[PDB]
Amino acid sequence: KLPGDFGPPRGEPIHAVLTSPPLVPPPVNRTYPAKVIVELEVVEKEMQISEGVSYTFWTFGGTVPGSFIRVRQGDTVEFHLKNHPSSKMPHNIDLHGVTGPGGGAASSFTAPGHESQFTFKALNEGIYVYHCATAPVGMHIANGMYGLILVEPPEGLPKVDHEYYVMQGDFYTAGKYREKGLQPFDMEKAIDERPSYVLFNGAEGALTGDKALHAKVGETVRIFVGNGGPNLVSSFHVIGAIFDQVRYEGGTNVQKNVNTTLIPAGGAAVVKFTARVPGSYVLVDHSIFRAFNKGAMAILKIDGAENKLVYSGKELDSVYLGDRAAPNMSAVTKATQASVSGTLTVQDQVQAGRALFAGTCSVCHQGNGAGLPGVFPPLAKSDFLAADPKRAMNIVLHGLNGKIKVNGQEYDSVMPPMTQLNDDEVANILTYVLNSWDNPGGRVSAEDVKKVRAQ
């Protein structure tokens, strides 16, 4: 016999209510199999992959990941795929929860302005990736065409306080990380599996700061975690806690009490978390340069009473989270726009640089620029800075070592190069520093930095 053998659809046809990340539809709360009509529309559109960095995403339902679909094992699903008239490419779908060739792909081929449909029975409970299946498949997936479908067990999942939807992806831009402007897809980086960004939910900061996920001490949180790839395998981890359980796809196996778990490319898991003490818990890909250098950082923020018997310490700060500690980095978006418009002010630069200074510079120089006498020199009221701003550009790009004197005190240490910062970033950071802490003001431009970098 086939699995999911719960008889013909009964009751009324149900129009599925889909949700945008990071939200999940309500439990189906149903004891009979139904005919479920799913309507999903492909939209190609520019969105911000990072502040001041645009990208042409290809999306299921206007978001990356695409809309979440929730059905019950044994349901008959009538799947309608529309391709918005504004699209340039044809699209289709492969849902991993489908039993049949291509997971739906041949019968869902949809040209711009058209609609397709096919029907399948959801034989297998589990959490499943869906994605586009149109040649060149890797390009479509790299552009954002993936999401999750949950096929519930007949009795439903256990009740929890919160359910969230998080999906990792690797992205391939022609430009480097945080290089501003509209960035094309880069096929060469994609084939080589060399992403410029590794993200949760389609953008840097999508789930940090004021966009964090929330829960309270004592509550349970279920996260449906996908890995759209196209190429990477996530060493998926929660900083500061453990997963009560991890279950992949529709697997019978459930792992309990683990911290780091590998999510295949194209894979998905259901994880459960119990909040014990307050603070920010960081979901990461623990291939650490992804998390800390390419954007693969999301936050679950827990509110409630401290418990000093369990953890005596403090909330996370910019030392660990860097420039994502703060609510947002909107000033960077604004400064980038002003640069494009030819209206960039000193204050635009100052506010962008303030945002970027956090972690990146403050770890050593402090958030107030005071440093630590004899160990980390001050940027506040710094004679050394004021004496030569071109030197300061070179220091950021190329580092500094050896004995120096700053504000009457000797330092003999090492500031590593920070060459991966883009010209605008260096310029804005230095303009912030120059306009703070009784420093002499003025500004550094992106062009100034470009010239120094080329020397």
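One-based numbering along the sequence shown.
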property	result
Greater mean Cα temperature factor according to the PDB record, 430-438 or 5-13	5-13
Mean C-alpha B-factor comparison - 378-386 and 192-200, higher one	378-386
Most elevated Cα B-factor in the entry, residues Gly226, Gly138, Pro264, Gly251	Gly251
Given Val28, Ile69, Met415, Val53, the residue at which the Cα B factor reaches its maximum	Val28
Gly408 by Cα B-factor - lowest, middle or highest third of the modelled chain	highest
Chain thirds of CA B-factor: placement of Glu125	middle
B-factor third for the C-alpha atom of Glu44 within its chain	lowest
Ranked C-alpha temperature factor of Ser235 among modelled chain residues, by third	lowest
Chain thirds of CA B-factor: placement of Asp323	middle
